[PDB]
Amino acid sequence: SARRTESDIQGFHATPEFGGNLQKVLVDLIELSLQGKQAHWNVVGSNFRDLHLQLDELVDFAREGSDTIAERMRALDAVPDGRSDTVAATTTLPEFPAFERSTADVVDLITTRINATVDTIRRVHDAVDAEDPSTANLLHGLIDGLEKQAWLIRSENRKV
């Protein structure tokens, strides 16, 4: 009665631009995960353990975030690229330095890299929201979670 008589109903298709916007978020989340693990392993000095542990929590969040974004792309028939070459060639994050780094340095370095990642999400937000508010919801989750990590990490170096 109210039933649609259509045998093939199409779902929501993302524009290629929308897919490209999520791709920008994806590579920065993957890069953040890789840099987070680098910091996690190579951090040394005063309050090593807290930072070591907090960095793993950041990596967990960024990895879950990259899944969320890539899966959202797929749901809307965009196609993600999380390969190493693409991530290195297109990430906006400043390169993480090599070798052992002090806890103080790692705090400042990782805070900057989190903030860079959040900036990318904030930059594409309005364009994403305009096409698909449901995806903007996912972006809000990432912004909230990453900005929480930034606070939890940077607070170590704060002097009051």
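Residue numbers run from 1 along the displayed sequence.
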item: Greater mean Cα temperature factor according to the PDB record, 7-15 or 148-156; value: 7-15
item: Selected stretch [higher average CA B-factor]: 103-111 or 23-31; value: 103-111
item: Largest Cα B-factor, entry values, listed residues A98, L53, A116, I69; value: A98
item: B-factor third for the C-alpha atom of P94 within its chain; value: highest
item: Chain third (lowest, middle, highest) by recorded CA B-factor, residue given as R63; value: lowest
item: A39 CA temperature factor, ranked by third within the chain; value: lowest
item: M73 CA temperature factor, ranked by third within the chain; value: lowest
